[PDB]
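Okay, here we've got a single chain as structure tokens, the form deposited without the named molecule, with questions on binding and movement later.
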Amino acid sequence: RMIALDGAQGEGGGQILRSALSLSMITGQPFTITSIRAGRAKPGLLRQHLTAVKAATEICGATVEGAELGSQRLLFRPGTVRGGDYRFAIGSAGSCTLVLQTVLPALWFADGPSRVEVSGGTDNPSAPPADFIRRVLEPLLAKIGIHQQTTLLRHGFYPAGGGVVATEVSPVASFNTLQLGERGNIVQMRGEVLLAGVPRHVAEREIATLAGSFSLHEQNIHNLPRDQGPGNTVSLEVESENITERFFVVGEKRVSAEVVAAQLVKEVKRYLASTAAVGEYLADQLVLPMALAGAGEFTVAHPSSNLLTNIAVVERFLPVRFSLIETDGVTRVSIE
């Protein structure tokens, strides 16, 4: 019929819109959404979100009202999803991977394989980096029966953008059940620094803090052509017996190498402080694929607003329901 969604839900960001676009394409159910990002510094559709709407529109021949920069309202009636070889340009440092994450789930069901390439930003602090998608999310997707491979082709830092990320995706043959319990013990930890036009010694300082706090099996420093923008990110990948997670921070002006790694160091100990398998962000990114599989579960410490939003949107579009039960500070998120 028509699903009316309130864009003020949760933290009131673009996440509710991207999740709705995915589920709408998949199920054929139209939706309307009002108050899109209405309370944010730059409200309504930004170029990342408009590019997401454009891509969804193009892949499924949708009928759409309000696809314009700044629009706080959208109505979307999906048509038939077509596989193919698609290319989209954000035109800003907006997140490539968030555009990808909007349309890839629709392509899981399409006729044959597809490829999607997006240009834009690649190292936004509040989006999944390509390496997170590739090394943390995609291995779990494969366990659920979903096969996609993401590759970062070029880095694009804020504000210039001009990075490129592409994903090859195939339709699901069959779903499997993935049940994540505890993190298990550490198998190893790997620290990584990216530099583009930033003094080499910064990376050195950053790696130091991580060590002496953790035992690192790897310590990696990646240098890019400064022309690829002034940019600096610090990552820590945590491989445990049951799962691999990965966390990152983006260095900025007025912040010291020691404290950026300090922020990252803090986040990692928050993750390690609990027995939960999945970190804060990965949790929200597993909701849709598990819902589409019709089964699955994971543990997370302190379910985020985005996790709860994604669950709510999934339950509006699909006949699945999630149970959330906390045991000793860890929440088990499961399909009933």
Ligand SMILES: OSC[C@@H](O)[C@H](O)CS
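Numbers for residues come from their place in the sequence shown, where the first is 1.
Below: the form solved in complex with the named molecule, not depicted.
Checklist entry - Any chance residue 91 has a heavy atom within 4.5 Å of the named molecule in the deposited bound form? => result Residue-level check for residue 91: no, no contact with the named molecule.
Checklist entry - With the cut-off set at 4.5 Å between non-hydrogen atoms, does residue 230 touch the named molecule in the deposited bound form? => result Close contact exists here: in the deposited bound form, residue 230 approaches the named molecule to within 4.5 Å, heavy atoms only.
Checklist entry - Is residue 260 close to the named molecule in the deposited bound form, meaning a heavy atom pair under 4.5 Å apart or at it? => result The answer is yes: residue 260 has a heavy atom within 4.5 Å of the named molecule.
Next on the checklist: Just checking whether residue 210 would be counted as a contact of the named molecule in the deposited bound form - the rule being heavy atoms within 4.5 angstroms.
Outcome noted: Heavy-atom contact with the named molecule at 4.5 Å: absent for residue 210.
Next on the checklist: Using a 4.5 Å heavy atom cut-off, which of 71 to 79, 106 to 114, 248 to 256, 213 to 221 contacts the named molecule in the deposited bound form?
Outcome noted: It is 248 to 256 that comes within 4.5 Å of the partner.
Item to check | Residue (of 198, 189, 164, 140) lying close to the named molecule in the deposited bound form, criterion heavy atoms within 4.5 Å | outcome: Only one option qualifies, and that one is 198.
Checklist entry - Listed by sequence position, which residues of 131 to 151 have a non-hydrogen atom within 4.5 angstroms of the named molecule in the deposited bound form? => result None of them.
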